[PDB]
file structure.pdb (PDB, C-alpha atoms (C1' of nucleotides))
ATOM      1  CA  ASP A   1       0.000   0.000   0.000
ATOM      2  CA  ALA A   2       2.808   2.453   0.954
ATOM      3  CA  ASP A   3       4.791   1.004  -2.011
ATOM      4  CA  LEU A   4       1.748   1.706  -4.291
ATOM      5  CA  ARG A   5       1.622   5.301  -2.890
ATOM      6  CA  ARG A   6       5.343   5.712  -3.804
ATOM      7  CA  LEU A   7       4.599   4.220  -7.294
ATOM      8  CA  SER A   8       3.512   7.798  -8.316
ATOM      9  CA  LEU A   9       0.688   8.598 -10.807
ATOM     10  CA  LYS A  10       2.832   7.859 -13.927
ATOM     11  CA  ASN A  11       3.650   4.214 -13.118
ATOM     12  CA  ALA A  12       0.332   3.261 -11.485
ATOM     13  CA  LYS A  13      -1.398   4.544 -14.644
ATOM     14  CA  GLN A  14       0.845   2.285 -16.739
ATOM     15  CA  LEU A  15       0.119  -0.643 -14.384
ATOM     16  CA  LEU A  16      -3.656  -0.108 -14.698
ATOM     17  CA  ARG A  17      -3.140  -0.102 -18.470
ATOM     18  CA  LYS A  18      -1.200  -3.378 -18.144
ATOM     19  CA  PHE A  19      -3.851  -5.180 -16.055
ATOM     20  CA  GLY A  20      -6.655  -4.302 -18.481
ATOM     21  CA  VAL A  21      -8.499  -1.778 -16.283
ATOM     22  CA  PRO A  22     -10.978   0.234 -18.434
ATOM     23  CA  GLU A  23      -9.854   3.649 -19.684
ATOM     24  CA  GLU A  24     -12.392   5.599 -17.584
ATOM     25  CA  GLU A  25     -10.640   4.733 -14.304
ATOM     26  CA  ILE A  26      -7.253   5.392 -15.938
ATOM     27  CA  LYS A  27      -8.697   8.659 -17.292
ATOM     28  CA  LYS A  28     -10.046  10.236 -14.056
ATOM     29  CA  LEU A  29      -6.265  10.758 -13.400
ATOM     30  CA  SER A  30      -6.782  10.562  -9.602
ATOM     31  CA  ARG A  31      -3.645   8.950  -8.068
ATOM     32  CA  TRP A  32      -5.405   8.118  -4.737
ATOM     33  CA  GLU A  33      -8.397   6.439  -6.505
ATOM     34  CA  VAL A  34      -6.042   4.744  -9.048
ATOM     35  CA  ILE A  35      -3.973   3.144  -6.208
ATOM     36  CA  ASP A  36      -7.129   1.796  -4.479
ATOM     37  CA  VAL A  37      -8.231   0.200  -7.811
ATOM     38  CA  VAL A  38      -4.678  -1.158  -8.491
ATOM     39  CA  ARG A  39      -4.592  -2.693  -4.947
ATOM     40  CA  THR A  40      -8.020  -4.298  -5.645
ATOM     41  CA  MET A  41      -6.751  -5.501  -9.080
ATOM     42  CA  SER A  42      -3.619  -7.028  -7.434
ATOM     43  CA  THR A  43      -5.841  -8.696  -4.762
ATOM     44  CA  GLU A  44      -8.067 -10.249  -7.504
TER      45      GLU A  44
ATOM     46  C1'  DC B   1     -52.515 -85.946  71.460
ATOM     47  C1'  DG B   2     -53.298 -80.659  70.430
ATOM     48  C1'  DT B   3     -51.895 -75.595  70.530
ATOM     49  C1'  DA B   4     -49.909 -70.703  70.524
ATOM     50  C1'  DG B   5     -44.908 -68.207  70.803
ATOM     51  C1'  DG B   6     -40.258 -67.503  68.182
ATOM     52  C1'  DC B   7     -36.786 -67.618  62.941
ATOM     53  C1'  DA B   8     -35.997 -66.668  57.239
ATOM     54  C1'  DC B   9     -37.395 -63.778  52.823
ATOM     55  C1'  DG B  10     -39.933 -60.079  50.024
ATOM     56  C1'  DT B  11     -41.180 -55.720  49.228
ATOM     57  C1'  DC B  12     -41.488 -51.243  50.593
ATOM     58  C1'  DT B  13     -39.829 -46.805  53.592
ATOM     59  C1'  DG B  14     -36.665 -43.232  54.467
ATOM     60  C1'  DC B  15     -32.516 -41.016  55.023
ATOM     61  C1'  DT B  16     -27.472 -40.117  53.443
ATOM     62  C1'  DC B  17     -23.976 -39.461  50.197
ATOM     63  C1'  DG B  18     -21.636 -38.953  45.751
ATOM     64  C1'  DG B  19     -21.886 -37.908  40.859
ATOM     65  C1'  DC B  20     -23.630 -35.698  36.594
ATOM     66  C1'  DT B  21     -25.969 -32.052  33.861
ATOM     67  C1'  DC B  22     -26.983 -27.365  32.927
ATOM     68  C1'  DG B  23     -27.536 -22.766  32.980
ATOM     69  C1'  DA B  24     -26.504 -18.263  35.255
ATOM     70  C1'  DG B  25     -22.912 -15.250  36.247
ATOM     71  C1'  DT B  26     -18.354 -13.315  35.695
ATOM     72  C1'  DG B  27     -13.837 -12.415  33.681
ATOM     73  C1'  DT B  28     -10.753 -12.557  29.126
ATOM     74  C1'  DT B  29      -9.553 -12.285  24.021
ATOM     75  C1'  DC B  30      -9.917 -10.586  19.490
ATOM     76  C1'  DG B  31     -11.746  -8.625  15.190
ATOM     77  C1'  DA B  32     -14.387  -4.185  13.848
ATOM     78  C1'  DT B  33     -14.735   0.322  13.229
ATOM     79  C1'  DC B  34     -13.370   5.760  14.941
ATOM     80  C1'  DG B  35     -10.346   9.231  15.262
ATOM     81  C1'  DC B  36      -5.584  11.485  14.752
ATOM     82  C1'  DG B  37      -1.423  12.672  12.400
ATOM     83  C1'  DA B  38       0.735  12.088   8.375
ATOM     84  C1'  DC B  39       1.735  10.781   3.262
ATOM     85  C1'  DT B  40       1.398  12.280  -1.351
ATOM     86  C1'  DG B  41      -0.165  13.716  -5.840
ATOM     87  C1'  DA B  42      -2.598  18.047  -7.480
ATOM     88  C1'  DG B  43      -4.724  22.725  -9.826
ATOM     89  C1'  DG B  44      -4.321  27.716  -8.812
ATOM     90  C1'  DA B  45      -0.626  32.549  -6.527
TER      91       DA B  45
END
call {"tool": "encode", "arguments": {"input": "structure.pdb", "output": "structure tokens"}}
result
Amino acid sequence: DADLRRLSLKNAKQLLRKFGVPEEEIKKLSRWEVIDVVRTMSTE
DNA sequence: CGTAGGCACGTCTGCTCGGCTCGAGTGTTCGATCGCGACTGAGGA
């Protein structure tokens, strides 16, 4: 979680692109929301 | 010769004691949120 916070908007965006997250969530460009989704995607 | 006064079982009576269940009552542990300070990207001076 702290590691995901360090990940920064640029690399978490690229990770959400890699997992196949839809472009709306990538688009909102909210780092805090993006990390919560990426943590959920990793948990899945 | 007869004829009424003492010995074994059977079943019930009653009290004592020990054990088992069971639920009320009380203390102990552990996840489930609440709040605080802080982390960390973010659009305007």
call {"tool": "interface_residues", "arguments": {"input": "structure.pdb", "of": "chain A", "to": "chain B", "cutoff": "9 Å", "atoms": "all atoms listed in the file", "output": "list in words"}}
result
residues 2, 5, 6, 8, 9, 30, 31 and 32 of chain A
call {"tool": "residues_around", "arguments": {"input": "structure.pdb", "residues": "residue 16 (chain A)", "least_positions_apart": "2", "cutoff": "10 Å", "atoms": "only C-alpha atoms (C1' of nucleotides)", "output": "ChimeraX atom specification"}}
result
/A:11-14,18-23,25-26,34-35,37-38,41
call {"tool": "atom_distance", "arguments": {"input": "structure.pdb", "atom1": "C1' of residue 37 (chain B)", "atom2": "CA of residue 39 (chain A)"}}
result
23.4 Å
call {"tool": "atom_distance", "arguments": {"input": "structure.pdb", "atom1": "CA of residue 40 (chain A)", "atom2": "CA of residue 24 (chain A)"}}
result
16.1 Å
call {"tool": "atom_distance", "arguments": {"input": "structure.pdb", "atom1": "CA of residue 15 (chain A)", "atom2": "CA of residue 1 (chain A)"}}
result
14.4 Å
call {"tool": "axis_aligned_box", "arguments": {"input": "structure.pdb", "around": "region 17-23 of chain B", "padding_each_side": "3 Å", "output": "lines of an AutoDock Vina configuration file"}}
result
center_x = -24.6
center_y = -31.1
center_z = 41.6
size_x = 11.9
size_y = 22.7
size_z = 23.3
call {"tool": "build_atoms", "arguments": {"input": "structure.pdb", "residues": "region 19-35 of chain A", "atoms": "N, CA and C atoms", "output": "compact mmCIF listing (two decimals), in the frame of the given file"}}
result
# COMPACT_ATOMS: atom_id res chain seq x y z
N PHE A 19 -2.89 -4.20 -16.56
CA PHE A 19 -3.85 -5.18 -16.06
C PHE A 19 -5.10 -5.31 -16.92
N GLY A 20 -5.42 -4.30 -17.73
CA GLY A 20 -6.66 -4.30 -18.48
C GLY A 20 -7.80 -3.56 -17.82
N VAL A 21 -7.50 -2.66 -16.89
CA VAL A 21 -8.50 -1.78 -16.28
C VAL A 21 -9.07 -0.86 -17.36
N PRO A 22 -10.39 -0.64 -17.41
CA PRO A 22 -10.98 0.23 -18.43
C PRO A 22 -10.49 1.68 -18.35
N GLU A 23 -10.49 2.34 -19.52
CA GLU A 23 -9.85 3.65 -19.68
C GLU A 23 -10.52 4.77 -18.90
N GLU A 24 -11.74 4.58 -18.41
CA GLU A 24 -12.39 5.60 -17.58
C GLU A 24 -11.66 5.79 -16.26
N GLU A 25 -11.35 4.68 -15.58
CA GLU A 25 -10.64 4.73 -14.30
C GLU A 25 -9.21 5.24 -14.48
N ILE A 26 -8.56 4.84 -15.58
CA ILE A 26 -7.25 5.39 -15.94
C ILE A 26 -7.37 6.88 -16.25
N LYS A 27 -8.52 7.30 -16.78
CA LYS A 27 -8.70 8.66 -17.29
C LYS A 27 -8.93 9.66 -16.17
N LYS A 28 -9.73 9.30 -15.17
CA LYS A 28 -10.05 10.24 -14.06
C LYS A 28 -8.75 10.87 -13.55
N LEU A 29 -7.60 10.22 -13.79
CA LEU A 29 -6.26 10.76 -13.40
C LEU A 29 -6.23 11.12 -11.91
N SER A 30 -6.87 10.32 -11.06
CA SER A 30 -6.78 10.56 -9.60
C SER A 30 -5.84 9.51 -9.02
N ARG A 31 -4.65 9.92 -8.58
CA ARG A 31 -3.64 8.95 -8.07
C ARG A 31 -4.22 8.15 -6.90
N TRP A 32 -4.90 8.81 -5.95
CA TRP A 32 -5.40 8.12 -4.74
C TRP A 32 -6.43 7.05 -5.14
N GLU A 33 -7.38 7.41 -6.02
CA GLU A 33 -8.40 6.44 -6.50
C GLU A 33 -7.71 5.35 -7.33
N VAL A 34 -6.73 5.72 -8.16
CA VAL A 34 -6.04 4.74 -9.05
C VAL A 34 -5.36 3.68 -8.18
N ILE A 35 -4.70 4.10 -7.09
CA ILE A 35 -3.97 3.14 -6.21
C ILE A 35 -4.96 2.17 -5.56
